[PDB]
Amino acid sequence: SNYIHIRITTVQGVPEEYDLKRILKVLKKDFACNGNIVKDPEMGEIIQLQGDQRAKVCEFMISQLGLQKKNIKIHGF
RNA sequence: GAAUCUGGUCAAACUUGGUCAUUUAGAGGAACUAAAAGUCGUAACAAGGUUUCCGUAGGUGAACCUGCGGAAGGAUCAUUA
Ligand SMILES: [Mg+2]
Ligand SMILES: [Mg+2]
Ligand SMILES: [Mg+2]
Ligand SMILES: [Mg+2]
Ligand SMILES: [Mg+2]
Ligand SMILES: [Mg+2]
Ligand SMILES: [Mg+2]
């Protein structure tokens with residue numbers, strides 16, 4: 001499990017090993033985009049940032065906790 | 001009357017530390033300019049769509065905004081109508 005995907009952009013599937021508000025704090029400044037933590041009931045926790053920066057989202061997910069980079073399959077869309 | 005030699009004096013330089021100045025590398029940290037077809041907001045110029053700006057304090061992705069006290073560079077020189 002623990003699958004993660006990015007859909008035009010929301011990130012569905014996020015490990016809980018670090019606090020969410022600091023993730024938002026680093027995200028907004030390193031992307032320069034509006035950031036939302038939307039907690040829909042019992043779906044993959046929603047973190048939404050504007051623009052088409054999936055390469056930059058890759059950079060962020062590498063720089064936050066990511067060390068696998070193999071279960072990430074971003075849908076183009 | 002030479003070498004030698006006791007004392008001193010001027011005293012170069014050496015040995016060792018201390019001192020600062022001038023250059024010099026130095027991981028990395030931190031900017032600042034030009035670069036104008038990246039990025040996300042649209043802060044400011046009109047009542048900039050919440051009036052602007054200053055000092056001060058806080059929080060915040062940013063341009064900010066909020067509090068307190070100021071000013072007109074205000075959008076009023078004016079209610080003894
Ligand atoms: Mg002598
Ligand atoms: Mg530079
Ligand atoms: Mg944009
Ligand atoms: Mg505006
Ligand atoms: Mg304004
Ligand atoms: Mg308004
Ligand atoms: Mg002036």
# chains A, B, ... in the order shown; residues from 1 in each chain; ligands from 1

call {"tool": "residues_near_ligand", "arguments": {"ligand": "ligand 1", "cutoff": "10 Å", "atoms": "only C-alpha atoms (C1' of nucleotides) and all ligand atoms", "output": "number ranges by chain"}}
result
B: 7-11

call {"tool": "closest_atom_pairs", "arguments": {"of": "chain B", "to": "ligand 6", "cutoff": "12 Å", "atoms": "only C-alpha atoms (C1' of nucleotides) and all ligand atoms", "output": "tab-separated table"}}
result
residue	atom	partner	partner_atom_place_in_ligand_line	distance
B:47	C1'	ligand 6	1 (Mg)	10.6
B:48	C1'	ligand 6	1 (Mg)	10.4
B:49	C1'	ligand 6	1 (Mg)	5.3
B:50	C1'	ligand 6	1 (Mg)	5.5

call {"tool": "write_last_selection", "arguments": {"atoms": "N, CA and C atoms (P, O5', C5', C4', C3', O3' and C1' of nucleotides)", "output": "PDB file, in the first residue's frame"}}
result
ATOM      1  P     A B  47      -9.654  58.632  -6.682  1.00  0.00           P
ATOM      2  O5'   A B  47     -10.081  57.435  -5.720  1.00  0.00           O
ATOM      3  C5'   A B  47      -9.347  57.154  -4.533  1.00  0.00           C
ATOM      4  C4'   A B  47      -9.933  55.995  -3.764  1.00  0.00           C
ATOM      5  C3'   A B  47     -10.197  54.731  -4.581  1.00  0.00           C
ATOM      6  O3'   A B  47     -10.006  53.589  -3.752  1.00  0.00           O
ATOM      7  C1'   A B  47     -12.213  55.482  -3.627  1.00  0.00           C
ATOM      8  P     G B  48      -8.584  52.851  -3.698  1.00  0.00           P
ATOM      9  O5'   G B  48      -8.434  52.182  -5.135  1.00  0.00           O
ATOM     10  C5'   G B  48      -9.111  50.969  -5.450  1.00  0.00           C
ATOM     11  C4'   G B  48      -8.149  49.820  -5.625  1.00  0.00           C
ATOM     12  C3'   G B  48      -6.961  49.831  -4.668  1.00  0.00           C
ATOM     13  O3'   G B  48      -6.630  48.538  -4.133  1.00  0.00           O
ATOM     14  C1'   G B  48      -6.199  49.939  -6.936  1.00  0.00           C
ATOM     15  P     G B  49      -7.237  47.141  -4.663  1.00  0.00           P
ATOM     16  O5'   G B  49      -8.820  47.254  -4.527  1.00  0.00           O
ATOM     17  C5'   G B  49      -9.469  47.525  -3.292  1.00  0.00           C
ATOM     18  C4'   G B  49     -10.951  47.661  -3.524  1.00  0.00           C
ATOM     19  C3'   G B  49     -11.648  46.382  -3.987  1.00  0.00           C
ATOM     20  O3'   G B  49     -12.202  45.622  -2.922  1.00  0.00           O
ATOM     21  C1'   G B  49     -12.038  48.105  -5.562  1.00  0.00           C
ATOM     22  P     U B  50     -11.298  45.043  -1.726  1.00  0.00           P
ATOM     23  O5'   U B  50     -11.192  46.263  -0.707  1.00  0.00           O
ATOM     24  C5'   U B  50     -12.362  46.963  -0.294  1.00  0.00           C
ATOM     25  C4'   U B  50     -12.158  47.684   1.017  1.00  0.00           C
ATOM     26  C3'   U B  50     -11.360  48.984   0.937  1.00  0.00           C
ATOM     27  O3'   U B  50     -11.838  49.893   1.928  1.00  0.00           O
ATOM     28  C1'   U B  50     -10.245  47.460   2.351  1.00  0.00           C
TER      29        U B  50
END

call {"tool": "closest_residue", "arguments": {"among": "B:80, B:39, B:52, B:33", "to": "chain A", "atoms": "only C-alpha atoms (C1' of nucleotides)"}}
result
B:39

call {"tool": "residues_near_ligand", "arguments": {"ligand": "ligand 4", "cutoff": "12 Å", "atoms": "only C-alpha atoms (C1' of nucleotides) and all ligand atoms", "output": "number ranges by chain"}}
result
B: 41-46, 48-50, 63-64

call {"tool": "write_last_selection", "arguments": {"atoms": "N, CA and C atoms (P, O5', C5', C4', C3', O3' and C1' of nucleotides)", "output": "PDB file, in the first residue's frame"}}
result
ATOM      1  P     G B  41      -2.852  31.677  -9.482  1.00  0.00           P
ATOM      2  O5'   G B  41      -2.615  33.131  -8.882  1.00  0.00           O
ATOM      3  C5'   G B  41      -3.538  33.691  -7.961  1.00  0.00           C
ATOM      4  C4'   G B  41      -2.836  34.426  -6.849  1.00  0.00           C
ATOM      5  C3'   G B  41      -3.059  35.927  -6.804  1.00  0.00           C
ATOM      6  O3'   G B  41      -4.285  36.275  -6.185  1.00  0.00           O
ATOM      7  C1'   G B  41      -0.758  35.456  -6.529  1.00  0.00           C
ATOM      8  P     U B  42      -5.314  37.262  -6.922  1.00  0.00           P
ATOM      9  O5'   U B  42      -4.545  38.656  -6.960  1.00  0.00           O
ATOM     10  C5'   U B  42      -4.013  39.227  -5.771  1.00  0.00           C
ATOM     11  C4'   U B  42      -3.381  40.572  -6.027  1.00  0.00           C
ATOM     12  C3'   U B  42      -4.269  41.577  -6.755  1.00  0.00           C
ATOM     13  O3'   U B  42      -4.013  42.887  -6.252  1.00  0.00           O
ATOM     14  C1'   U B  42      -2.288  41.232  -7.990  1.00  0.00           C
ATOM     15  P     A B  43      -4.387  43.256  -4.735  1.00  0.00           P
ATOM     16  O5'   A B  43      -3.020  43.047  -3.947  1.00  0.00           O
ATOM     17  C5'   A B  43      -2.925  43.310  -2.556  1.00  0.00           C
ATOM     18  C4'   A B  43      -1.637  44.020  -2.222  1.00  0.00           C
ATOM     19  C3'   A B  43      -1.552  45.472  -2.660  1.00  0.00           C
ATOM     20  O3'   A B  43      -2.172  46.350  -1.737  1.00  0.00           O
ATOM     21  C1'   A B  43       0.422  44.335  -3.300  1.00  0.00           C
ATOM     22  P     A B  44      -3.095  47.558  -2.251  1.00  0.00           P
ATOM     23  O5'   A B  44      -2.093  48.499  -3.054  1.00  0.00           O
ATOM     24  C5'   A B  44      -1.097  49.243  -2.371  1.00  0.00           C
ATOM     25  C4'   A B  44      -0.265  50.063  -3.322  1.00  0.00           C
ATOM     26  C3'   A B  44      -1.026  51.016  -4.231  1.00  0.00           C
ATOM     27  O3'   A B  44      -1.327  52.239  -3.586  1.00  0.00           O
ATOM     28  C1'   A B  44       0.615  49.828  -5.475  1.00  0.00           C
ATOM     29  P     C B  45      -2.592  53.115  -4.044  1.00  0.00           P
ATOM     30  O5'   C B  45      -2.207  53.623  -5.502  1.00  0.00           O
ATOM     31  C5'   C B  45      -1.197  54.604  -5.678  1.00  0.00           C
ATOM     32  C4'   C B  45      -1.111  55.061  -7.111  1.00  0.00           C
ATOM     33  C3'   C B  45      -2.433  55.398  -7.775  1.00  0.00           C
ATOM     34  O3'   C B  45      -2.870  56.706  -7.456  1.00  0.00           O
ATOM     35  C1'   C B  45      -1.098  54.082  -9.234  1.00  0.00           C
ATOM     36  P     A B  46      -4.003  56.934  -6.344  1.00  0.00           P
ATOM     37  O5'   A B  46      -5.253  57.442  -7.184  1.00  0.00           O
ATOM     38  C5'   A B  46      -5.558  56.859  -8.445  1.00  0.00           C
ATOM     39  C4'   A B  46      -6.955  57.194  -8.890  1.00  0.00           C
ATOM     40  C3'   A B  46      -8.038  56.930  -7.846  1.00  0.00           C
ATOM     41  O3'   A B  46      -9.077  57.895  -7.984  1.00  0.00           O
ATOM     42  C1'   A B  46      -8.478  55.651  -9.769  1.00  0.00           C
ATOM     43  P     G B  48      -8.584  52.851  -3.698  1.00  0.00           P
ATOM     44  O5'   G B  48      -8.434  52.182  -5.135  1.00  0.00           O
ATOM     45  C5'   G B  48      -9.111  50.969  -5.450  1.00  0.00           C
ATOM     46  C4'   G B  48      -8.149  49.820  -5.625  1.00  0.00           C
ATOM     47  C3'   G B  48      -6.961  49.831  -4.668  1.00  0.00           C
ATOM     48  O3'   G B  48      -6.630  48.538  -4.133  1.00  0.00           O
ATOM     49  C1'   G B  48      -6.199  49.939  -6.936  1.00  0.00           C
ATOM     50  P     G B  49      -7.237  47.141  -4.663  1.00  0.00           P
ATOM     51  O5'   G B  49      -8.820  47.254  -4.527  1.00  0.00           O
ATOM     52  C5'   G B  49      -9.469  47.525  -3.292  1.00  0.00           C
ATOM     53  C4'   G B  49     -10.951  47.661  -3.524  1.00  0.00           C
ATOM     54  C3'   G B  49     -11.648  46.382  -3.987  1.00  0.00           C
ATOM     55  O3'   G B  49     -12.202  45.622  -2.922  1.00  0.00           O
ATOM     56  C1'   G B  49     -12.038  48.105  -5.562  1.00  0.00           C
ATOM     57  P     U B  50     -11.298  45.043  -1.726  1.00  0.00           P
ATOM     58  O5'   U B  50     -11.192  46.263  -0.707  1.00  0.00           O
ATOM     59  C5'   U B  50     -12.362  46.963  -0.294  1.00  0.00           C
ATOM     60  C4'   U B  50     -12.158  47.684   1.017  1.00  0.00           C
ATOM     61  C3'   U B  50     -11.360  48.984   0.937  1.00  0.00           C
ATOM     62  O3'   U B  50     -11.838  49.893   1.928  1.00  0.00           O
ATOM     63  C1'   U B  50     -10.245  47.460   2.351  1.00  0.00           C
ATOM     64  P     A B  63       5.347  40.145   1.653  1.00  0.00           P
ATOM     65  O5'   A B  63       5.014  41.173   0.484  1.00  0.00           O
ATOM     66  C5'   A B  63       5.979  41.485  -0.509  1.00  0.00           C
ATOM     67  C4'   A B  63       5.324  41.787  -1.832  1.00  0.00           C
ATOM     68  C1'   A B  63       3.480  40.824  -2.921  1.00  0.00           C
ATOM     69  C3'   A B  63       4.152  42.757  -1.781  1.00  0.00           C
ATOM     70  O3'   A B  63       4.547  44.115  -1.801  1.00  0.00           O
ATOM     71  P     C B  64       3.881  45.130  -0.754  1.00  0.00           P
ATOM     72  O5'   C B  64       3.167  44.155   0.283  1.00  0.00           O
ATOM     73  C5'   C B  64       2.075  44.596   1.071  1.00  0.00           C
ATOM     74  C4'   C B  64       1.110  43.473   1.366  1.00  0.00           C
ATOM     75  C3'   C B  64       0.148  43.732   2.513  1.00  0.00           C
ATOM     76  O3'   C B  64      -0.997  44.448   2.083  1.00  0.00           O
ATOM     77  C1'   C B  64       1.128  41.580   2.755  1.00  0.00           C
TER      78        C B  64
END

call {"tool": "closest_atom_pairs", "arguments": {"of": "chain A", "to": "ligand 3", "cutoff": "12 Å", "atoms": "only C-alpha atoms and all ligand atoms", "output": "Markdown table"}}
result
| residue | atom | partner | partner_atom_place_in_ligand_line | distance |
| --- | --- | --- | --- | --- |
| A:31 | CA | ligand 3 | 1 (Mg) | 11.2 |
| A:32 | CA | ligand 3 | 1 (Mg) | 9.4 |
| A:33 | CA | ligand 3 | 1 (Mg) | 8.4 |
| A:34 | CA | ligand 3 | 1 (Mg) | 10.4 |
| A:49 | CA | ligand 3 | 1 (Mg) | 11.6 |
| A:50 | CA | ligand 3 | 1 (Mg) | 8.2 |
| A:51 | CA | ligand 3 | 1 (Mg) | 6.5 |
| A:52 | CA | ligand 3 | 1 (Mg) | 9.2 |
| A:53 | CA | ligand 3 | 1 (Mg) | 10.8 |

call {"tool": "write_last_selection", "arguments": {"atoms": "N, CA and C atoms", "output": "compact mmCIF listing (two decimals), in the first residue's frame"}}
result
# COMPACT_ATOMS: atom_id res chain seq x y z
N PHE A 31 7.13 26.23 -4.02
CA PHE A 31 6.37 26.20 -5.26
C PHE A 31 5.82 27.55 -5.67
N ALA A 32 5.56 28.43 -4.71
CA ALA A 32 4.86 29.68 -4.96
C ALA A 32 3.48 29.40 -5.57
N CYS A 33 2.64 28.73 -4.79
CA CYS A 33 1.29 28.40 -5.22
C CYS A 33 0.37 28.38 -4.02
N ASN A 34 -0.92 28.59 -4.28
CA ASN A 34 -1.92 28.44 -3.24
C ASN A 34 -1.93 27.00 -2.74
N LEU A 49 -2.12 22.03 -4.65
CA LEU A 49 -1.32 23.18 -5.04
C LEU A 49 -1.55 23.46 -6.52
N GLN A 50 -1.60 24.74 -6.86
CA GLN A 50 -1.96 25.17 -8.20
C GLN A 50 -0.79 25.01 -9.17
N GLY A 51 -1.08 25.25 -10.45
CA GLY A 51 -0.06 25.20 -11.48
C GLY A 51 0.29 23.79 -11.90
N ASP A 52 1.04 23.71 -13.00
CA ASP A 52 1.55 22.44 -13.52
C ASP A 52 3.04 22.38 -13.20
N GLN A 53 3.37 21.87 -12.02
CA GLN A 53 4.74 21.81 -11.53
C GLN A 53 5.06 20.42 -11.02

call {"tool": "closest_residue", "arguments": {"among": "B:78, B:25, B:65, B:31", "to": "ligand 5", "atoms": "only C-alpha atoms (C1' of nucleotides) and all ligand atoms"}}
result
B:65

call {"tool": "select_by_dssp", "arguments": {"residues": "chain A", "states": "strand (DSSP E)", "output": "compact mmCIF listing (two decimals) with N, CA, C and O atoms, in the first residue's frame"}}
result
# COMPACT_ATOMS: atom_id res chain seq x y z
N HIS A 5 -0.13 9.35 -5.65
CA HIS A 5 -0.37 9.81 -7.01
C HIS A 5 -0.68 11.29 -6.99
O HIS A 5 -1.06 11.85 -5.95
N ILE A 6 -0.49 11.95 -8.13
CA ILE A 6 -0.70 13.38 -8.27
C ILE A 6 -1.59 13.60 -9.49
O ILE A 6 -1.26 13.14 -10.59
N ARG A 7 -2.70 14.31 -9.30
CA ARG A 7 -3.69 14.49 -10.35
C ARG A 7 -4.04 15.97 -10.48
O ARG A 7 -4.37 16.62 -9.49
N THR A 10 -3.70 17.83 -6.99
CA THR A 10 -3.83 17.23 -5.68
C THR A 10 -2.90 16.03 -5.57
O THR A 10 -2.67 15.30 -6.55
N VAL A 11 -2.37 15.82 -4.37
CA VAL A 11 -1.51 14.69 -4.06
C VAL A 11 -2.32 13.76 -3.17
O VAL A 11 -2.59 14.07 -2.00
N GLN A 12 -2.70 12.61 -3.71
CA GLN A 12 -3.45 11.60 -2.97
C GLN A 12 -2.49 10.50 -2.51
O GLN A 12 -1.81 9.88 -3.34
N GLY A 35 -1.93 26.85 -1.42
CA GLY A 35 -1.89 25.53 -0.82
C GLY A 35 -3.08 25.22 0.05
O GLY A 35 -3.53 26.06 0.83
N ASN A 36 -3.62 24.00 -0.09
CA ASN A 36 -4.79 23.59 0.66
C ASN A 36 -4.57 22.20 1.24
O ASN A 36 -4.11 21.30 0.53
N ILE A 37 -4.88 22.03 2.52
CA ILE A 37 -4.99 20.72 3.14
C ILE A 37 -6.48 20.41 3.24
O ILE A 37 -7.16 20.88 4.16
N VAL A 38 -6.99 19.65 2.29
CA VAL A 38 -8.39 19.24 2.26
C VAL A 38 -8.46 17.80 2.75
O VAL A 38 -7.87 16.90 2.14
N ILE A 46 -5.95 14.98 0.99
CA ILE A 46 -5.83 15.88 -0.15
C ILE A 46 -4.90 17.02 0.22
O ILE A 46 -5.14 17.75 1.19
N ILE A 47 -3.83 17.18 -0.56
CA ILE A 47 -2.97 18.36 -0.51
C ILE A 47 -2.96 18.94 -1.91
O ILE A 47 -2.48 18.29 -2.85
N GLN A 48 -3.51 20.14 -2.06
CA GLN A 48 -3.72 20.75 -3.36
C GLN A 48 -2.84 21.98 -3.53
O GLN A 48 -2.81 22.86 -2.66
N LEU A 49 -2.12 22.03 -4.65
CA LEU A 49 -1.32 23.18 -5.04
C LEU A 49 -1.55 23.46 -6.52
O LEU A 49 -1.66 22.53 -7.33

call {"tool": "residues_around", "arguments": {"residues": "range 20-22 of chain A", "least_positions_apart": "5", "cutoff": "10 Å", "atoms": "only C-alpha atoms (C1' of nucleotides)", "output": "mmCIF file with N, CA, C and O atoms, in the first residue's frame"}}
result
data_model
loop_
_atom_site.group_PDB
_atom_site.id
_atom_site.type_symbol
_atom_site.label_atom_id
_atom_site.label_comp_id
_atom_site.auth_asym_id
_atom_site.auth_seq_id
_atom_site.Cartn_x
_atom_site.Cartn_y
_atom_site.Cartn_z
ATOM 1 N N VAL A 14 -0.313 10.175 1.291
ATOM 2 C CA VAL A 14 0.759 10.909 1.963
ATOM 3 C C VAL A 14 1.113 10.222 3.277
ATOM 4 O O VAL A 14 0.252 10.090 4.159
ATOM 5 N N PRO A 15 2.350 9.755 3.442
ATOM 6 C CA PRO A 15 2.773 9.223 4.742
ATOM 7 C C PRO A 15 2.630 10.256 5.850
ATOM 8 O O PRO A 15 2.820 11.457 5.646
ATOM 9 N N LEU A 27 6.007 23.679 1.219
ATOM 10 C CA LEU A 27 5.406 23.547 -0.104
ATOM 11 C C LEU A 27 5.112 24.905 -0.721
ATOM 12 O O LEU A 27 5.483 25.173 -1.869
ATOM 13 N N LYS A 28 4.424 25.771 0.024
ATOM 14 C CA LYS A 28 3.990 27.044 -0.542
ATOM 15 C C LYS A 28 5.180 27.900 -0.959
ATOM 16 O O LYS A 28 5.149 28.552 -2.009
ATOM 17 N N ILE A 37 -4.881 22.032 2.521
ATOM 18 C CA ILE A 37 -4.990 20.715 3.137
ATOM 19 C C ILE A 37 -6.480 20.414 3.240
ATOM 20 O O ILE A 37 -7.162 20.877 4.159
ATOM 21 N N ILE A 47 -3.830 17.177 -0.557
ATOM 22 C CA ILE A 47 -2.974 18.355 -0.505
ATOM 23 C C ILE A 47 -2.964 18.936 -1.910
ATOM 24 O O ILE A 47 -2.485 18.291 -2.852
ATOM 25 N N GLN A 64 11.438 16.171 1.092
ATOM 26 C CA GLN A 64 10.690 16.147 2.357
ATOM 27 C C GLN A 64 10.952 14.849 3.116
ATOM 28 O O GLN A 64 11.503 14.868 4.220
#

call {"tool": "closest_residue", "arguments": {"among": "B:5, B:40, B:21, B:30", "to": "chain A", "atoms": "only C-alpha atoms (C1' of nucleotides)"}}
result
B:40

call {"tool": "residues_around", "arguments": {"residues": "residue 72 in chain A", "least_positions_apart": "2", "cutoff": "10 Å", "atoms": "only C-alpha atoms (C1' of nucleotides)", "output": "PyMOL selection string"}}
result
chain A and resi 3-6+13+58+61+66+68-70+74-75

call {"tool": "closest_residue", "arguments": {"among": "B:27, B:35, B:75, B:53", "to": "ligand 2", "atoms": "only C-alpha atoms (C1' of nucleotides) and all ligand atoms"}}
result
B:35

call {"tool": "atom_distance", "arguments": {"atom1": "CA of residue 67 in chain A", "atom2": "CA of residue 23 in chain A"}}
result
16.1 Å

call {"tool": "select_by_dssp", "arguments": {"residues": "range 46-76 of chain A", "states": "helix (DSSP H, G or I)", "output": "PyMOL selection string"}}
result
chain A and resi 54-64

call {"tool": "atom_distance", "arguments": {"atom1": "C1' of residue 24 in chain B", "atom2": "atom 1 (Mg, counted along the ligand's line) of ligand 2"}}
result
24.0 Å

call {"tool": "closest_residue", "arguments": {"among": "A:8, A:18, A:56, A:39", "to": "chain B", "atoms": "only C-alpha atoms (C1' of nucleotides)"}}
result
A:56

call {"tool": "closest_residue", "arguments": {"among": "B:62, B:68, B:81, B:13", "to": "chain A", "atoms": "only C-alpha atoms (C1' of nucleotides)"}}
result
B:62

call {"tool": "atom_distance", "arguments": {"atom1": "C1' of residue 69 in chain B", "atom2": "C1' of residue 55 in chain B"}}
result
8.5 Å
